[PDB]
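Below you'll find the structure, written out as structure tokens, and then a few comments.
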Ligand SMILES: [Zn+2]
Ligand SMILES: [Zn+2]
Ligand SMILES: [Zn+2]
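Now the structure itself:
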């Protein structure tokens, strides 16, 4: 259970993990944020979207980082 | 009165002094926020007498200076009226033979004058630079260094200009000059933003009448050079001349220090300057080559290294100019007798060798191989060894190399300490003589052998060592008589009983047998190895290491010369080296089991290993299981897998677990190679994953882990899928070892099978009705997520969107 | 197939200006050869940028039955010391390796 | 390489086995077709005429006469849901666009 | 109490099976999910792999 | 099956670039990054032809690339932040023509995660520290000191773990031998996920903030937040220290802003648009890429805009403050993944889709019958301008690229025997169908 | 119990009782990579100690090749404090 002190330290360590009660909302929103961080990181899906819509890389990443805030609806209750 | 009260509540420095770390947290936090409201008014009078209390300890000081610095950051203004008090009570600390008193006073005064006012400082400590006492001048000067740390030189530099241009007092000019050298000590690199401003400050006193100021300014040149080395290719001609003249028209510690400082000026200069400047300073150097002084020796020799080590000065210059007085006055016993001079004289003399060759330096230090202070000839071979080892033996001519080899022999006999000094000297010197050494191999060996005959152990051991050094070149002679000598004479000393010599003898024999192969060894290995077998019982780490090394060489190469029956007996003896207390022995034992499996076939050694698995006590069971893995790796695994698998049926625990652990190591050793025996082994693991016991499933899971990490990337994913079907049910488990080996199997299986398959296994129980099952699935999915969170982006399901959220990902189903 | 009489191939053309081919193997001798070539190359000549090669090529789902011609073809630009070490593990000469490297592009592509 | 331009993003294409002749379908998001391009240009010139002040100050001609090549000058194409297309019939061996079908507004 | 209110907050297995779009999945383990609409959408996703049998059982895995 | 994987033509498209004297000389080298590739080119000043010296594989993703010079050395190291949990330090050996790994620091797990650093990375303008940063919850800082032999060292890293915070950019602010410090953007999705109404979605403000070193006390202290008016993408650094003031140009939508902490009253300027354009009444405008020419004489920025238009920016400054801003229309070139503005009078315009260009600078972008714009010029209305063909820049070089290769077809569709490749490539108006063949023209 | 406050560049060491095993896997074999610890479990009287015994730092804690295959060696100072 000191293992648990370390393990909810691990929950505090890695944003996106889970535990047996985790809610569909936390799960899917964390995966959605991660999806955004990687669309930004990988230099080429950025071209994919930039080219799919008719936007430009500054436009693209600005949208993405705005969306990063409430990507999957408002919260659960 | 509120002021006395504020001090009253302020003495929760007791809360911080005594108490829990809880107490520390309460008080530390409250005051770190109250540092304004409480103020420094009461603090400082509570605070100074503890910081001056005679035995406040290292970390008490550390914590209280933590306090003073952060509360002074906090209260830039709310510490104001206590400045001269803090100042004069801490001042002697920067000028203080405790480097950390210097450091800590320096840091807190940095922060003090920093969040404080410069005015007060200047006001108080102007009239003390002119003072009469060198004591107070040094204290205030190193204070001023700390205050420049606290604030910054710029705000001060004109007042420095004043305290250094004073025509009232020389006391104050000396004071400003040592302030200069002091910052030059403290801030270090941080000076190049000025880099000449201080040089201007100092140009006034190297010509001065008071030797005190003159020579402390020389040392200021030294200190500025020191902090002012490497970077600083710009502005420097504007002061070159006072340095130049004071060098000679001066006398002192400052001059030697200045020679190191102008060593920084010899690297940073150009021909028409670095020819005139060097050529001029060399005659200074020749008069200083007899300087008794230690830091003199350091500075002048460092200087010389860079100075007579440039491309401005031709070999002729040094060889006729520096060398005679240099060799004359530093190649007296005194320098090798000295603890500093030994090594540093080395440094610069090796560099002058690098400069001008060996056929003069070697000649100048030949007969120092026959002096009195054994430390001396010890030094001279230390040098010569470094020298020829870096440079080569091509430069040394005939008579030179002779006197060298001979002084070498002497040093080594004369030896009276247990040191690698003379050993390494010898090794290097012949390592560089290369092929030059042919004609003295009778001499060299005859010496070593007569030593090998001595009564006292120590010299015997030494001669064994020296053989182990020169072993390889003993070859390059092609000394029939002589390498034959060393062969048979070491076969003699194989009877020693000082483990420290016996080990080295074994080393030297091994390093002979490496050059000269088996079938022309001087003792035929047909008599060597029979002599070696009774040594394997010597229960000592070094002799055991070297003996098993030598027997491993022989059994590898000689193989057929020894008989199968001999190898079998030696197997039976190895079986109980697996209990030595040292791990090097046990790893060597396993390796030789491998070699014996190569020489003789695998089957008998494997039979003798299973019977050992039947033993108890774990650390020799585990090392035989390593050995089984090794035999299987060398002689292909199909030879051993049937016997292992079949032995998995003897109904005992320690042995079923031995089989499982051995397959673990085998797939790790095989790695990709397991791509062959994965099929053979699956139906046995599925057999033991359908229950037989806790330990049965714990061990089959470990086997799955290692198979998966070995077969990563070779396509045997259908088999690991099949075994997932059987491992995954154990997911709900409780015993720590069992569930832990299960989780390990699933990380291995995650890389080997991919993260789709395992996310699908983990889908349905994320949101399931029980909390035991929710928790295990979130444990797994956490570990699947941490590693390989980025594949999953293409593996997540499709999760429909209800009313007030959006949950589908339309990004991914744009058509194109 | 690209060059005349060259055996069949898979051309793949990416979205960043990359074009390449995946080419079968005809003999476990070829197969095992490059298999070992790169199995050593990963160990003694890892990528520059911190990564592991096995894990980069098994980013999403693990690797299965593809050898990294672009790691293999790096033996050329390696250093003589390592060129030795590895080709000696193969106990072929750096000539043997490098020619067996070049020719496999020779019979498929250019 | 040798490169024969297009003006809308290329989506896909198919082959004509008879004449070696290449039918490309090209299409873009966030763009007006040729028609609406010119039409809202001249229409903005109209609403531009209406400053009611000297009537005299005439820029509309220069509007309809300028054509700044989007190939360097970026594409005067905007909106959000605004699509544009083309089918083109070209020769691979030389870049003649032997036919051009240029479609409707949002198709 | 809180447990009684959320137990009554829980629904009928027929409530579920009629609500849901894919009714094959529904079991009382789901009817006992603190989020049964999720739990059932998950269990009805493609390619996913259901919990082992034996979490209910009192006997351990292969005893 | 058993397959062997071969790449015939490397990836050509460019994503990142840096410019520096990567061979110690004052001939400048350019280090660009393809997808999983680090490629180094040196532009010859004589013809104006860029020779692609060194093209290397890295087997990873280059997420971040930034060169730096040590305080006074003559070399130009590279700091690469990629998708492993490591920061790596690189150098050129022209003697072996090879990139060399000086140091290597692990700090976490692999893959393009979300809370593990590596997406953003900045330095301090002098070369004293680097910061590595994620898009949530994590940033570290590394200190760099020459060793005695001046062979670089790197000590353990610092920390700035702050939960529930995005980052739209991080950049080093130019201080003069003070503690170095960094300007990040930020945001805080926290409340907007505590509010069941979606109110806090709106009404949340970027916070242009500064963290600061304390090399003496060896930690990073949060100095200066300031709630910004509106989210803007990034922050161009103002050449401080001795030259220039300090401060950041916040490139927000429609508005570019000077700002620095202390006494400065914050400076605005709306963006001048092209006139009579055909763009949607809604469409905003953002500054895409930038590049700064800071020289003996002075400094200036170029920033580019969606329709490809480049602008010039210099600082009209009094004693310690700047006073007002002048953005004056330079020219319009392809949309850029990066600009690398050389000395020797060129600039590298790294195209984003298609052939990427090398222009040479002809006129400083000053003193002609193009208008003047300003942060002091008040107005009720905007500015405009009317663009034109290349005035201040002259197209020296044109490097080909397939990025993007939107479709292909192998065939033998000339009478030749060997097959050609028909590559449908390029974006929008700059697209094309292009013929590849194995021959050389 | 673990320190786990993140890694660094300071090597760890082993007492002679603890000589030979990996830090977690508890192996005795095939060690591949060296161990690194945090500054906080690096300082002071804890300089050069046994991550396991607490005994004097003499031999170098290492990482069993399994632990490096599964990258359980990329978490930092695992000191049982
Ligand atoms: Zn381990
Ligand atoms: Zn620790
Ligand atoms: Zn221990």
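Chains as they are written, first to last, in the entry's author numbering: chain G, 5 to 81; chain H, 489 to 1304; chain F, 1108 to 1217; chain V, 776 to 828, 833 to 886; chain Z, 450 to 512; chain E, 1 to 380, 383 to 443; chain Y, 9 to 89. Beta carbons: idealized from backbone N, C-alpha and C, even for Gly.
- Residues 920, 921, 922 and 924 of the same chain have their beta carbon placed closer than 6 Å to that of residue 881 of chain H, with the five preceding and five following residues left out of the count.
- Each residue's CA atom was taken as its position, placing residue 243 of chain E and residue 295 of chain E some 10 Å apart.
- When rounded, the separation of the alpha-carbon atoms in residue 1283 of chain H and residue 1244 of chain H is 6 Å.
- Not one heavy atom of ligand 2 falls within 7 Å of the beta-carbon of residue 802 of chain H.
- Against residue 1177 of chain F, the close residues of chain E are 5, 6, 7 and 57, in the order they occur along the chain (beta-carbon pairs closer than 8 Å).
- At a Cβ-Cβ threshold of 8 Å, residue 667 of chain H and residue 716 of chain H do not count as neighbours.
- At the C-beta level, residue 836 of chain H and residue 887 of chain H stay beyond 8 Å of one another.
- In this structure residue 505 of chain Z is exposed. Its beta-carbon is surrounded by fewer than 16 other beta-carbon atoms within 10 angstroms.
- By the rule that beta-carbons nearer than 8 Å mark a contact, residue 468 of chain Z does not touch chain H.
- Judged by DSSP secondary structure, residue 435 of chain E falls within the beta strand (DSSP E) whose first and last residues are 434 to 439.
- In the assembly as shown, residue 825 of chain V is an exposed residue. Its beta-carbon has fewer than 16 other beta-carbons within 10 Å.
- Spanning the alpha carbons of residue 996 of chain H and residue 1041 of chain H requires a straight line of approximately 13 Å.
- For the region 1237 to 1261 of chain H, the set of positions with a beta-carbon nearer than 9 Å to some beta-carbon of chain F reads 1238, 1239, 1240, 1241, 1242, 1243, 1244 and 1245 in chain order.
- Of all C-beta pairs linking the region 252 to 261 of chain E to the region 33 to 49 of chain G, fewer than three are shorter than 8 Å, placing the two stretches out of contact.
- A distance of 8 Å or more separates the beta carbons of residue 1208 of chain F and residue 1178 of chain F.
- The Cβ of residue 27 of chain G sits closer than 8 Å to at least one Cβ of chain Z.
- Annotated three-state conformation of residue 981 of chain H is helix, per DSSP.
- Near chain H, meaning a CB-to-CB distance below 8 Å, the residues of the region 23 to 46 of chain Y are 27, 28, 36, 37 and 38.
- Among the residues of chain E, none has a CB under 9 Å from the CB of residue 886 of chain V; the nearest is roughly 18 Å distant.
- For residue 1131 of chain F, the enclosing beta strand (DSSP E) covers residues 1126 to 1131.
- Residues of chain G whose Cβ lies closer than 9 Å to the Cβ of residue 856 of chain V are, in chain order, 58.
- Taking 8 Å as the upper bound for CB-CB distance, residue 123 of chain E and residue 68 of chain E are in contact here, some 5 Å apart.
- Per DSSP, the unbroken alpha helix (DSSP H) holding residue 850 of chain V starts and ends at 849 to 852.
- Distance from the Cα of residue 279 of chain E is smallest, within the candidate group V/851, V/805, V/844 and V/886, for V/805.
- Contacts with chain G at 8 Å (Cβ-Cβ) include residue 484 of chain Z.
- Residue 56 of chain E is not a Cβ neighbour of residue 78 of chain E, given a cutoff of 8 Å.
- Taking non-hydrogen atoms of ligand 1 into account, the C-beta of residue 1235 of chain H is found less than 7 Å away from none of them.
- In terms of Cβ geometry, residue 1231 of chain H and residue 1272 of chain H do not form a close pair [threshold 8 Å].
- Pairing residue 1069 of chain H with residue 50 of chain Y, the inter-Cα distance amounts to about 29 Å.
- Residue 541 of chain H is classed as exposed because its beta carbon has fewer than 16 other beta carbons within 10 Å across all chains shown.
- Non-local beta-carbon contacts of residue 29 of chain E in its own chain, meaning distances under 8 Å to residues more than five positions away in sequence, involve 19, 20, 21, 22, 23, 40, 41, 42, 53, 76 and 92 in chain order.
- Beyond the five residues adjoining it in sequence on each side, residue 638 of chain H comes within less than 7 Å, by CB distance, of 597, 598, 599, 600, 601 and 602 in the same chain, given in chain order.
- Distance from the CA atom of residue 812 of chain H to the CA atom of residue 806 of chain H, rounded to whole angstroms, is 9 Å.
- A direct Cα-Cα distance of roughly 49 Å separates residue 1279 of chain H from residue 1092 of chain H.
- For the options G/11, G/16, G/57 and G/22, the alpha carbon positioned closest to that of residue 860 of chain V is the one of G/57.
- At the C-beta level, residue 1150 of chain H and residue 1190 of chain H stay beyond 8 Å of one another.
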